[PDB]
Each structure stands twice: as C-alpha cells, then as structure tokens.
Ligand SMILES: Nc1nc2c(ncn2[C@@H]2O[C@H](COP(=O)(O)OP(=O)(O)OP(=O)(O)O)[C@@H](O)[C@H]2O)c(=O)[nH]1
Ligand SMILES: CN[C@@H]1CCc2c(ccc(O)c2O)[C@H]1O
C-alpha cells in the first residue's frame, strides 16, 4: 500500500491545514474589534469560502479518488459537483474585488472614504455571492450541462461512477465567467498601482537624493502564485473540450487538485500586516 | 540686597527642611507590616459604552452613581446611564477642542472648558442651552469642579487658580505663587481646602476662604499630571511622569510612601482612591490600568483591555464601580 | 522689582515656617485605624452578593 | 407603568444615534491641518484659536491656528496627533536681525515623541525681501561658510543673480539636513518657496497633502 500510505497523509495534511488556515483567520477577525474595517469584510468572505470548500469538497474528492468507488447517491454527487463549482467560482471574484478596492484607495485617495461605506460592502459581497451561485445551482440542478455521447450517458445511468462530463458550450461559459474575466481587471489594476508607486518613488528621489526591489517583490508574491495555481486548469478545461483525445484523466485530476491548494496560501499572504500578526501571537 | 535676600532664603529653607526631618519618627512602611494582605483582585468588565467619534479626554461621575458625563475630541458631551447603557443627551459645542468635564452635586448643571480661554456652563433641566460663559484667563483651562451650585473653581495654564461666581461672572479670589503650568486640582469633602499640582514638580495646598497658600511639597522630580484627595481629609496622593505615585501627609508635612516598579518607565495620567481608602487605582501610558495598595505598596491586580492609553478615571460615591476613559473612543465599567 | 518679588517670597516662606507639627507615628496610627474601621463596607475590597449588584 | 416609562427611554437613544450616524460622515469627510510658526513670521497675514474654513475642488479643509503666547514648554502638542499635516512658516529676513531660534524650534518639533508620524510642510515666507539684503551684512561672515558652500545644480533658478540663489539654497538645505536624519521614512518634510505676491499657494498645499496621503496609503499596504 505504498501509494496508498503516501496519499493518505498528503490528502490528510491538506485538509487539516486548509481548515486551520481558515478557522484561525476567522476567529482572529471576529475576536478583536480593531482588526475589523471595510477592507476586512472581503477577506472575511474569502476566508469563509475557503473554509467551506476545504471542509466540504476536499475529503469527498480524496475518498472518491482513493476508494475508486462512489458509495453515495447520484443526487449527492451532483450536489458535491455543484458546491465545488460554487466555491471555485466564488474564491476568485473576491480577489478581483480586493484588487479593485486597492486601486481605488491608491489612485483616488481623497474620495476613498466617501466612495466606500460599511453599507456598500455588504451589497457588493451579496452581489458577488449571488453571481457565483447563479452559475452553480441554477444550471446544475437542471440538466443543461449534460453531454451526448454514450460513455457519459452510461455513467449517469450507473450509480457507482462520478466523472465530470460536460457539453462544449458550458465549458466556455463557466471558464469565462470564473477565470478569464476576473484576470484582465486585476492585471490592469496592478499595472496602475505599480505605475503610481514608481511615480512616487521617482518624485521622492529627486527631492531628497543627495542627503525598487520591495514593490517588485510585493507584486510578484501576489501575482505569481495565483497565476501558477489557476492558469493551467483554465486552459486544459477548454482545450480538452474543444477537441477530444488530447488530455488524459490523470493530468486533469492532478491539475484540479493542484488548483485546490491555492485556498490555503491566502492566510499566509493576505494577513501579513503586523496588526494581524499581533492577534496570532496573542492566541 | 537681592543676594542678602537669597542668603536669608537659604537660612529659612534650611531651617524648614531640618524641622521637617526632625519629625520623621519612623517610616509608615516600618509600622505597617503585620496587616494581612488583601491578595489578588480580579475584576471583569460589566458594561461597554460606545458612540463617540474621537478620543475621550475626561469624565466625571454623578452624585447618584447613575449618570456620568464625558467629553470627546470631536467636541460633544454625552450623558450616559450605566444601568441601561443608553445615551440621554448630546450637547454640541462651540469649540471642538475640550479637556474638562464636571457634574453638579444637585445634578442640574454641566461645565466643560477646552483649549480656548473660555469656560462654559450648561443647564440640563429647563433643552440644552448655554447659561453663562466665563472669561479672563490668558491660558488654556486644565480642570474645573463645582464647589457648589453658585460658584466654580478652575485652574488654567497661567500658573493661577480662581474661584468664579456664577451670578456675576467675575473672579472673586485669585491664587498666585506657582511657576509652571497647573494641571489638576481636587476638592476636600468639606469644601474648605483644595490642592493643585503644577508642572514645577510642586504641589501646594490653598485656602478657599482666606485666599493664600499654606503648605508646599516638592517630593517629585518631573511634571505632575493628576492628583487625588484621601477620603479622611488629611492626605492626598499625586502622580508624575516618572511612573511614581507618592502619598503625602498634611499634618506631618512630608511624604510617606512612594510606589514604583522597575519594569515600567512610562508616565501616569489618572489617579483615584476607593471608598475605604485601602486601594489606590492609577492609570498609565502602557495601555492598561493598575491597582496598588495604600498601606503595603503591593500590586494586587492589573486592569487591561483598552486599545489606547487611559486618560480618565472615576469611582462612584457609594464605591460600587470604577470607570476608565481611553483614547480608543470606548468607555468601560469595571466591577 | 525682582527685589520686590523676592521680598514677596521672603515674607511667604517665613509664614509657612511657623506651624505646629505632629509625629509621624500618630498620623500613621490614625490612618490605619480609619482604614481598618471602614474596611467592612467597601464593595471593591470585599465582593458583595451577586443579587446586590445592579450591574449583574 | 414601568414598561411605559422605559419605552420612552428607548425612543431617546434612537434619535441621538440617527444624528451621531449623520454627523459621522461629516466628521470623516473633513481634513484638518495645524498652522505653526515663530513670531513675526507672517502667519497672521497668511491665515485666541482662529479656525478658518475653505473649500478647494470639493475638498474640505479646517485650518486650526495655535495662538500666540510665550511658552517655551508646550503641553498641548499631545492633542494634535491626528493632524494630517503641520504647516511651518519661517522667514529668512531675520538672518541678520534670528533664524537660528526658528531652526532650533523646528528641530525640537521634529524630534517630539507625540509627533513622530505627522509630516511637516515648510514655507519660506518673506523670500522677496531677501534679494535686497543679499545684494547691497552677508551670510559668509557667519560661522557657517556661505562662500565655501558649493551651489548645487539641481535647483532651477526661476526667471537672477547667483548669490541670492545660492543663499536660498543653503538656507533651504539647512533645515533639510536636520529633517532627513530623524525621518526614518515614516514622515517627510516638504520644502517650498512662498511670498505674499504668490496669488495662489493653495494649489501647492493641495499637491503636498494629496502626495502625503498617497505615500501613507502606499506605505500601509507594503508597497514603498
Ligand atoms: N515685505 C513684506 N511684508 C510682508 C509680506 N507678507 C506679510 N508681510 C508683513 O509681515 C508682517 C508680519 O506678519 P504678520 O501677519 O504681522 O504676523 P504676526 O502678527 O507675527 O502673526 P502671529 O504670529 O499670528 O501673531 C506683517 O505686517 C505683514 O503685513 C511680504 O510678502 N512682504
Ligand atoms: C470537479 N472540479 C471542477 C471541474 C471543472 C470546473 C471547475 C470549476 C469551474 C468550472 O467552470 C469548471 O469547468 C472545478 O471545480
């Protein structure tokens, strides 16, 4: 059971950390009335989404891939697929909203307080969540996404297999809604932020010269991990459906699993402020 | 001749110092050692008050241990009700910069003065409305207290203290003699004598009736930021910027105890006694509050939980609860 | 001028020097006697019954 | 009966809360700045406490004066730790008549514990009359050698003898030498050349304050 022995800790290790990196963040946010701010509500929503994803879909997927047999009902399997899609598509628009908020804060400093209020944050969060849900429950509870070929029909007929088989149109709508659209906005936002930071540094250098790695590192640690984690999945998802007999199931599930670990790096990336670390040290 | 006067001054000052030293029979610590210690005291927050926009500067309890007033940097007075933790009044101000609060013994008037050289008085029972305003100081006010329902005593930054009259609005007795700024004052229960601590490391005791200084104390080494008066009426404890609280004595005319810990080098901003006179509660700049012991100089509890520094303190008339005012725009009621 | 201010202080110190002083032992004894006598009605020092506290 | 009395007590809390909520936005919108300077520096002409209000491009500024009194030891500074920016007004006209006191005051303000985070904006008022003093008493006669000082080429001479420009540059660098050491990157100093002839100096104040806020926000998110 050498393969079996290994995956068991590794699947096991990922589940504990993801809940651990979620429950600690949420309890640190809730316990202290200082950490709370408009710029913390989005982080709270992202932490909640990561927590529910890591507490719902990871163990079920690990059990399905290890046992090689789905012992639950077809309806529960469809629910598992829908909740996985919901969490995946809700753990990206939150990052996009965070980027937009940072862009407004940096580029327009005077009107930042008036533009954003505690009432508008709830509206934005609800809008993001409902947009994510309209492509997770509405098209999955009904049969709009079903394939046509014989293998898919046979698998849906049987009550022992759960393999994601989908029509060509759904693949390009869900991928566009979830990944491609929330990428260009973030790229433009970070380009403008970097331009502003460079302008400020050039301004100060001329004024106080005689008497940057930091920005590059800060932008890299934010962009590189995200693009490395979520780029290959959202290109294989479209190339495997545009044409067949190109991508095997093993690489597909491997990329799907490698995309899941991104939700655990958010606590170590978006909570590096000293005020955030003070709560961690206290607890 | 100035030189002659200075030599005469040394001769007198030296005479006094020797006279004061001759009466030091035994230190108060020496006699008080067989008293059973109080022990560790732990107090938990009961109520939390919110609604201010900026930091809180001062507060003053009511005469019935029910209502309390407080002024914030934004320039608003809020009269709370700790039993039902709800606001009652919200008084706008002409000037945003304020530093003082007061409450009448009859619970009818509230006064507050700030950076401007103006002291204002409001009438709570009648809508809120300015009744009288007092002017004549050339420096910022620092502390005001109602001696009665018809006269107020205040201390400004002009190294002076005055006892105003409400009906006429003019000074009736002016106290002089200090060198640096005056920072705080307190009134004795009989409303006969009051003390004040200046910035020249000197605390003086005045007389309300006659209007002249009586005694001087010079035990500290830096500025004095707070002062409190013992319930008995024969003692008073101060607070300086060198993390030291000293308990003087009016009859003996010298200090008796000094409280200091080697692990703190911060300042002190608020000092108050309890009803029994056994516990001395003080506030620091280390984001928390401390509890001392008057007769043993032994710490018996640490009060923490404030996001910013503590700049206010108060104890109810019946000794039921203690409240702290901080810069985090939050009030707490401890018990 | 400054001489006048010195006279004003020169007179003041002398007045604050002709007072009667009591031994520290008697003052300390009175202080501790008062503190011990009124140590049975302080809610802060002695925890009162739970039903008595209005805040509870 | 008791229920009736309490219910009204509920009504009073609600009305006040509605007003505090209404006033919170007004409080948060405004930006405040302190004006400080030595005597005879022209602060009064430029403007006890005199609070002045003005609007520039839908931005609210509340300029709170400090007042005038001989106070070597200042204790009201703790009350001004939330100020967005501190205006400093100093005059170079007093160099032979004295700036050194103003420089000492600036050094004392910069190193204050309660003012570690707040930046300082400096105005070189009375610069118009400096030309007459410099050209037909000289700075080089003083212990700091004006003659030995090498005029930097970075400064652009506005439309023009070199002596007055060199004197202005040296006096300007005198304050920056003090300021740059203790800044540590948390707060900076903004030099500027001003005079009563300048019809609008607000544009300069606006550009300085916006840059201050932008730099503070950039430093908050670990980008600078
Ligand atoms: N020659 C000249 N005089 C000026 C200029 N700007 C202001 N002054 C004058 O300089 C003098 C000093 O400034 P004031 O406005 O009097 O300042 P102040 O009275 O010391 O101000 P406070 O410190 O608030 O008391 C005034 O008489 C101004 O009119 C200028 O550009 N040129
Ligand atoms: C089982 N995991 C699924 C598989 C494919 C897929 C996901 C998420 C969003 C999509 O638009 C998809 O097409 C993944 O969460």
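Residue numbering for chain B follows Swiss-Prot; the residues present correspond to positions 3-128, 132-340, in that order.
How was it done? The header gives electron microscopy, 3.8 Å.
Placed from the backbone N, Cα and C atoms, the Cβ positions cover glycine too.
Residues within less than 8 Å, Cβ to Cβ, of residue B:266 (phosphohistidine) and separated from it by at least 6 positions along the same chain comprise B:248, B:304. Secondary structure at residue B:266 (phosphohistidine), as computed by DSSP, is coil. Annotation comment: Swiss-Prot describes B:266 as phosphohistidine, evidence class similarity to another entry.
Taken from Swiss-Prot, the feature repeat 'WD 1' covers B:46-94.
Here Swiss-Prot flags B:141-181 as repeat 'WD 3'. Using a Cβ-Cβ cut-off under 8 Å and counting only residues 6 or more beyond its ends in the same chain, the repeat 'WD 3' (B:141-181) has close neighbours at 101-102, 104-108, 110-111, 113-119, 121, 123, 187-192, 196, 199, 201, 203, 211, 213, 216-218.
According to DSSP, the repeat 'WD 4' (B:182-223) comprises 0 helix, 22 strand, 20 coil. The repeat 'WD 4' feature in Swiss-Prot is assigned to B:182-223.
According to Swiss-Prot, the feature repeat 'WD 5' maps to B:224-267.
Per Swiss-Prot, the feature repeat 'WD 6' maps to B:268-309; the stated evidence is experimental evidence. A Cβ distance under 8 Å defines the sequence-distant neighbours of the repeat 'WD 6' (B:268-309), meaning residues of its chain 6+ beyond its ends; these are 30-31, 34, 37, 39-45, 230-237, 242-250, 252, 262, 315-320, 323-324, 327, 329, 339.
Taken from Swiss-Prot, the feature repeat 'WD 7' covers B:310-340. Taking DSSP states H, G and I as helix and E and B as strand, the repeat 'WD 7' (B:310-340) has 0 helix, 15 strand, 16 coil.
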Express as a whole number of angstrom the distance that separates the Cα of residue B:128 and the Cα of residue B:132 across the 3-residue gap.
-> 6
Quick one: DSSP breakdown of the repeat 'WD 3' (B:141-181) into helix, strand and coil?
-> 0 helix, 22 strand, 19 coil
